[PDB]
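Please read the structure below before turning to the comments.
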Amino acid sequence: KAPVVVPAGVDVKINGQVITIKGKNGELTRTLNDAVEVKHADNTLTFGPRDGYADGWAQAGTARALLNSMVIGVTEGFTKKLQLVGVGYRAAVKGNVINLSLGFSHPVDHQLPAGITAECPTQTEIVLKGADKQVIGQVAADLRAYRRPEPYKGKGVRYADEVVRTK
Amino acid sequence: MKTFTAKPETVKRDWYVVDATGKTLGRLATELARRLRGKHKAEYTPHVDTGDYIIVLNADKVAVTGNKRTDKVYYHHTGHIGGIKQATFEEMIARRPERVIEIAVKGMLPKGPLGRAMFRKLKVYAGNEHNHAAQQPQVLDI
Amino acid sequence: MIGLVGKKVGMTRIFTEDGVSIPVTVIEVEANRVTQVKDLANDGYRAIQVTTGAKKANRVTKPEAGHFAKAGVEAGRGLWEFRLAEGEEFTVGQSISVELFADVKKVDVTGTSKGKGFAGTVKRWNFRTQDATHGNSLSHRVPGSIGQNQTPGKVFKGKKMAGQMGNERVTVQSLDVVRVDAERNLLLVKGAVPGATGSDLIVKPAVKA
RNA sequence: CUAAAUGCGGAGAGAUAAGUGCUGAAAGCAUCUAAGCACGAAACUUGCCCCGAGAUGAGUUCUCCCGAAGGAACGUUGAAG
RNA sequence: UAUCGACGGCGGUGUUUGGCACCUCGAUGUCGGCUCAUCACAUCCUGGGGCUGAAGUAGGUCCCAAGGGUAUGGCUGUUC
RNA sequence: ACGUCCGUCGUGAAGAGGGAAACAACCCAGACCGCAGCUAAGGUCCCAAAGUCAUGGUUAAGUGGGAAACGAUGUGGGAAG
């Protein structure tokens with residue numbers, strides 16, 4: 001059993017295999033179904049199976065991690081800061097598609113998954129914030145992925161790329 | 001030696017039901033499928049139709065043995081090999097029941113051999129009394 | 001009435017002031033008696049008849065609808081006496097071409113192109129021919145190569161060859177309707193129309209003109 | 001009738017491998033995996049054309065019919081053979 | 001350790017050759033070519049990738065993969 | 001080398017019957033006829049006669065065993081510093 005205390009600005013309610021966390025930033029509902037019973041104590045969320053098998057500890061390490069993740073994503077939130085760079089032709093990054101990358105006539109794009117905001121001010125910094133973590137991390141990774149030289153041209157010579165400043 | 005009634009066996013066509021509700025699914029494979037060619041009447045021979053359409057009450061509650069689960073698997077599909085396996089679990093296809101107690105009493109054709117014909121006879125479906133609503137003729141109860 | 005149908009009579013022409021002289025295919029479009037209409041559904045990609053509408057059946061027309069809204073409905077054909085029709089069934093089934101057909105209107109006419117037995121690769125699926133001296137070598141309509149690598153002495157199923165045909169459906173689009181005239185209620189279609197004379201061809205308001 | 005003649009012969013959609021990643025333990029770190037998950041091959045499935053109720057889940061519809069409904073035989077010719 | 005790669009060691013295949021000779025030995029018309037049908041892969045490319053003594057271009061080598069395409073001619077009966 | 005060539009012995013040849021999926025020499029075992037009973041080999045979820053038997057443990061690969069030299073924190077058990 002691994003008791004997980006909940007912040008003063010966090011309210012969690014559970015009904016069966018469904019756990020809902022509420023707060024300021026928003027709400028996140030997740031389902032944890034396994035050979036364990038997750039219950040919420042007035043001051044702490046408890047997770048404790050009956051057996052201590054290896055596989056049982058595996059689901060225990062992820063469960064606690066997921067819960068703690070739902071807590072931070074409600075009080076603080078998930079946001080990644082990225083910056084664009086280019087020595088030569090300025091890469092115009094728009095909320096739709098990036099153009100003039102290294103001088104290529106054709107635009108490189110990627111579909112924005114789920115519902116997160118990627119507001120990009122006319123400068124060097126851009127922000128991708130959302131409620132889901134697996135989403136804000138994918139979109140941020142793909143944005144740099146496409147900035148990766150497809151042809152057989154090594155790095156160093158091609159600086160142009162929008163890397164993530166902070167995780 | 002020869003004793004056949006006029007063509008065919010449809011006028012005054014017989015019919016029989018069972019209680020799909022509760023009981024082994026094994027001893028439900030036999031019967032039903034024996035009500036067809038040679039229902040057990042002096043009107044068999046064998047070369048013309050006989051298939052005596054049967055009815056299934058409820059096919060959802062029909063529980064299996066309390067041991068065998070993801071033990072038995074059914075391979076359903078056709079076409080090229082080494083592609084789509086489509087291997088689902090029994091109590092997974094239970095989302096029905098429409099294609100279950102008809103997948104059985106279906107494996108005995110054996111291979112045309114008159115059996116294709118044998119299928120539209122019975123009408124598998126989950127429910128109860130108001131299920132036999134469809135098809136409207138006299139009434140029994142085995 | 002998604003469209004009408006007639007029988008190919010032959011090919012003529014009409015010189016109209018506007019536009020310019022152009023051959024026209026005469027098609028006999030007449031009285032029909034559609035008793036019912038069969039609707040097909042697109043399960044994956046295998047046609048299947050959903051239901052059939054009789055002189056009076058709201059239980060089938062309802063399913064027909066909605067399914068159309070789902071865009072799952074396939075081509076529509078209805079039990080007819082002479083030729084097809086759609087909304088014509090609901091009325092009485094009895095109708096004339098004059099009821100459905102206007103001229104100068106664009107329409108899509110599809111039909112099965114015109115038994116010819118076995119044919120040569122060329123006369124067959126349009127295979128070209130031995131141009132150059134290749135023709136001089138009197139090897140006109142022959143691929144010259146049943147298949148690569150003599151061993152296998154086999155011809156890749158792909159490697160198209162000769163075979164049987166006749167006894168292909170094609171839907172030519174943008175077919176202007178010159179006019180409806182002749183000894184009998186017919187239709188004048190601009191250009192040519194797939195299939196031989198007497199063949200059954202259908203009409204349909206040009207999807208895009 | 002033919003050819004050294006002429007008109008016609010898609011796109012698109014769906015799914016894995018190599019591989020690229022996500023979340024994440026066993027080893028409270030890390031990790032593409034071990035459970036789970038997002039993508040990802042001219043080929044594969046489909047589209048499309050052709051055959052097909054002997055398509056063994058062996059079809060559908062309408063009408064006629066159980067002493068008279070219907071049907072075979074013939075004659076004159078083929079858009080047929 | 002891009003690439004080439006000895007000495008030595010350990011193996012797979014059985015297309016070559018050698019061996020044995022267990023089988024056939026109560027007879028299944030030769031070689032080459034041609035014509036026509038099916039199968040396989042130790043992929044020469046197309047497709048997707050790794051490395052480079054990879055600037056680019058053009059190549060070299062290697063991996064997954066055989067779906068398709070892998071197809072021809074001049075001299076010689078001739079298979080080099 | 002389903003090789004040649006010796007020796008001892010049991011068999012193939014007159015070993016039927018039974019098991020081994022099928023099988024000349026591998027295992028058990030060696031026959032008058034008819035009848036009852038009990039066993040051998042082997043087998044006891046179904047086809048197939050007989051337990052889907054009891055206690056305990058391991059494997060997940062369906063491994064159900066050509067499969068080699070060689071390799072292996074896939075996983076389980078035991079002992080030693």
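Every chain in the structure tokens takes a letter, A first, then B, and so on in the order presented; its residues are numbered from 1, and the ligands are numbered from 1 following the presented order.
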From a DSSP pass on the backbone, collect the residues of range 71-149 of chain C flagged as helix (DSSP H, G or I) and hand them back as a PyMOL selection string.
-> chain C and resi 88-91+97-100+133-136
Selection from above, N, CA and C atoms, as a PDB file, in the first residue's frame, can you write it?
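out-v8.pdb, freshly written:
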ATOM      1  N   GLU C  88     -41.003   7.289 -59.121  1.00  0.00           N
ATOM      2  CA  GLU C  88     -42.121   6.905 -59.972  1.00  0.00           C
ATOM      3  C   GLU C  88     -42.960   5.790 -59.352  1.00  0.00           C
ATOM      4  N   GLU C  89     -42.337   4.975 -58.507  1.00  0.00           N
ATOM      5  CA  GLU C  89     -43.038   3.868 -57.867  1.00  0.00           C
ATOM      6  C   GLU C  89     -44.145   4.358 -56.937  1.00  0.00           C
ATOM      7  N   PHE C  90     -43.810   5.321 -56.082  1.00  0.00           N
ATOM      8  CA  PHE C  90     -44.758   5.873 -55.121  1.00  0.00           C
ATOM      9  C   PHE C  90     -46.072   6.303 -55.757  1.00  0.00           C
ATOM     10  N   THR C  91     -45.997   6.921 -56.930  1.00  0.00           N
ATOM     11  CA  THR C  91     -47.202   7.363 -57.620  1.00  0.00           C
ATOM     12  C   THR C  91     -48.066   6.151 -57.960  1.00  0.00           C
ATOM     13  N   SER C  97     -41.695   9.041 -70.509  1.00  0.00           N
ATOM     14  CA  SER C  97     -40.458   9.814 -70.520  1.00  0.00           C
ATOM     15  C   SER C  97     -40.757  11.307 -70.475  1.00  0.00           C
ATOM     16  N   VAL C  98     -41.899  11.695 -71.033  1.00  0.00           N
ATOM     17  CA  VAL C  98     -42.303  13.095 -71.059  1.00  0.00           C
ATOM     18  C   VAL C  98     -42.412  13.670 -69.649  1.00  0.00           C
ATOM     19  N   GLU C  99     -42.701  12.806 -68.679  1.00  0.00           N
ATOM     20  CA  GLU C  99     -42.834  13.232 -67.291  1.00  0.00           C
ATOM     21  C   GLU C  99     -41.497  13.617 -66.668  1.00  0.00           C
ATOM     22  N   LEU C 100     -40.449  12.871 -67.001  1.00  0.00           N
ATOM     23  CA  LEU C 100     -39.121  13.145 -66.461  1.00  0.00           C
ATOM     24  C   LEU C 100     -38.315  14.056 -67.382  1.00  0.00           C
ATOM     25  N   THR C 133       9.468  -1.511 -87.891  1.00  0.00           N
ATOM     26  CA  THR C 133       9.623  -2.674 -88.755  1.00  0.00           C
ATOM     27  C   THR C 133       8.972  -3.865 -88.067  1.00  0.00           C
ATOM     28  N   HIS C 134       8.687  -3.701 -86.777  1.00  0.00           N
ATOM     29  CA  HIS C 134       8.040  -4.744 -85.994  1.00  0.00           C
ATOM     30  C   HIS C 134       6.770  -5.159 -86.725  1.00  0.00           C
ATOM     31  N   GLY C 135       6.129  -4.184 -87.362  1.00  0.00           N
ATOM     32  CA  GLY C 135       4.918  -4.460 -88.110  1.00  0.00           C
ATOM     33  C   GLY C 135       5.283  -5.131 -89.417  1.00  0.00           C
ATOM     34  N   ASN C 136       6.425  -4.737 -89.972  1.00  0.00           N
ATOM     35  CA  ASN C 136       6.905  -5.310 -91.223  1.00  0.00           C
ATOM     36  C   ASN C 136       7.177  -6.795 -91.027  1.00  0.00           C
TER      37      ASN C 136
END
As number ranges by chain, list the residues of chain B assigned to strand (DSSP E) by DSSP on the backbone atoms of this structure.
-> B: 16-17, 54-55, 73-75, 87-89
Could those residues be written to a file, using N, CA, C and O atoms, as a PDB file, in the first residue's frame?
ATOM      1  N   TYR B  16     -40.004 -26.962 -34.420  1.00  0.00           N
ATOM      2  CA  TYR B  16     -39.712 -27.302 -33.027  1.00  0.00           C
ATOM      3  C   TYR B  16     -38.792 -26.289 -32.356  1.00  0.00           C
ATOM      4  O   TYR B  16     -37.981 -25.637 -33.014  1.00  0.00           O
ATOM      5  N   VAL B  17     -38.928 -26.161 -31.039  1.00  0.00           N
ATOM      6  CA  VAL B  17     -38.083 -25.262 -30.262  1.00  0.00           C
ATOM      7  C   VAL B  17     -37.393 -26.005 -29.141  1.00  0.00           C
ATOM      8  O   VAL B  17     -37.596 -27.202 -28.939  1.00  0.00           O
ATOM      9  N   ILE B  54     -36.198 -24.382 -36.543  1.00  0.00           N
ATOM     10  CA  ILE B  54     -36.282 -24.349 -35.090  1.00  0.00           C
ATOM     11  C   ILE B  54     -36.061 -22.920 -34.604  1.00  0.00           C
ATOM     12  O   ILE B  54     -35.649 -22.053 -35.375  1.00  0.00           O
ATOM     13  N   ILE B  55     -36.333 -22.678 -33.327  1.00  0.00           N
ATOM     14  CA  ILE B  55     -36.166 -21.348 -32.756  1.00  0.00           C
ATOM     15  C   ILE B  55     -35.340 -21.363 -31.475  1.00  0.00           C
ATOM     16  O   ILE B  55     -35.388 -22.316 -30.698  1.00  0.00           O
ATOM     17  N   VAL B  73     -10.457 -21.244 -29.180  1.00  0.00           N
ATOM     18  CA  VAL B  73     -10.480 -20.104 -30.085  1.00  0.00           C
ATOM     19  C   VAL B  73     -11.035 -20.516 -31.443  1.00  0.00           C
ATOM     20  O   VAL B  73     -10.829 -21.641 -31.896  1.00  0.00           O
ATOM     21  N   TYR B  74     -11.741 -19.592 -32.084  1.00  0.00           N
ATOM     22  CA  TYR B  74     -12.331 -19.839 -33.391  1.00  0.00           C
ATOM     23  C   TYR B  74     -11.662 -18.970 -34.452  1.00  0.00           C
ATOM     24  O   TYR B  74     -11.488 -17.766 -34.265  1.00  0.00           O
ATOM     25  N   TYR B  75     -11.279 -19.592 -35.562  1.00  0.00           N
ATOM     26  CA  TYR B  75     -10.615 -18.886 -36.653  1.00  0.00           C
ATOM     27  C   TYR B  75     -11.623 -18.569 -37.755  1.00  0.00           C
ATOM     28  O   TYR B  75     -11.976 -19.440 -38.551  1.00  0.00           O
ATOM     29  N   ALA B  87      -8.456 -13.608 -34.508  1.00  0.00           N
ATOM     30  CA  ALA B  87      -8.631 -14.607 -33.462  1.00  0.00           C
ATOM     31  C   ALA B  87      -9.166 -13.944 -32.200  1.00  0.00           C
ATOM     32  O   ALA B  87      -8.401 -13.437 -31.380  1.00  0.00           O
ATOM     33  N   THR B  88     -10.487 -13.950 -32.051  1.00  0.00           N
ATOM     34  CA  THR B  88     -11.125 -13.342 -30.892  1.00  0.00           C
ATOM     35  C   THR B  88     -11.589 -14.385 -29.880  1.00  0.00           C
ATOM     36  O   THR B  88     -11.731 -15.565 -30.203  1.00  0.00           O
ATOM     37  N   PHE B  89     -11.822 -13.933 -28.653  1.00  0.00           N
ATOM     38  CA  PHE B  89     -12.259 -14.798 -27.563  1.00  0.00           C
ATOM     39  C   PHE B  89     -13.764 -15.067 -27.597  1.00  0.00           C
ATOM     40  O   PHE B  89     -14.547 -14.222 -28.030  1.00  0.00           O
TER      41      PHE B  89
END
Nearest to chain C among D:4, D:64, D:69, D:51, with distances taken over only C-alpha atoms (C1' of nucleotides): which residue is it?
->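 Answer, going by the shortest atom-to-atom distance: D:4.
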Contact residues around residue 42 in chain A with only C-alpha atoms (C1' of nucleotides) at 12 Å, ignoring same-chain residues under 3 positions, as a ChimeraX atom specification | /A:3-8,10-14,39,45-46
Residue list for chain A near chain D as a ChimeraX atom specification, 12 Å, only C-alpha atoms (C1' of nucleotides) | /A:32,34,53-66,69,110-111,113-114,132-142,145-146
Hey, what's within 8 Å of range 54-66 of chain E if we count only C-alpha atoms (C1' of nucleotides) and toss same-chain stuff fewer than 5 positions away? As a PyMOL selection string, please?
-> (chain D and resi 18) or (chain E and resi 2-3+43+49)
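The shortest atom-to-atom distance to chain F, with only C-alpha atoms (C1' of nucleotides) taken into account, belongs to B:71 out of B:49, B:102, B:71, B:43.
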Quick one, how far is CA of residue 116 in chain C from CA of residue 166 in chain C?
->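 That distance, rounded to one decimal, is 5.7 Å.
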Between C1' of residue 40 in chain E and CA of residue 85 in chain B, distance in Å (one decimal) | 26.0 Å
Rows by chain and residue number, chain A within 10 Å of chain E, shortest pair, only C-alpha atoms (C1' of nucleotides), as a Markdown table:
| residue | atom | partner | partner_atom | distance |
| --- | --- | --- | --- | --- |
| A:152 | CA | E:54 | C1' | 8.1 |
| A:153 | CA | E:54 | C1' | 8.5 |
| A:154 | CA | E:54 | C1' | 8.9 |
| A:157 | CA | E:55 | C1' | 9.8 |
For range 19-27 of chain B: contacts at 9 Å, only C-alpha atoms (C1' of nucleotides), fewer than 3 positions along chain excluded, given as a PyMOL selection string | chain B and resi 30-31+55-65+101+128+141-142
Write out as a ChimeraX atom specification the residues lying within 8 Å of residue 187 in chain C, counting only C-alpha atoms (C1' of nucleotides) and excluding same-chain residues fewer than 6 positions away.
-> /C:26-29,177-181
Taking only C-alpha atoms (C1' of nucleotides) into account, report as a list in words which residues of chain D lie within 8 Å of chain C.
->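 Only these qualify: residues 3, 4, 9, 46, 47, 49, 50 and 61 of chain D.
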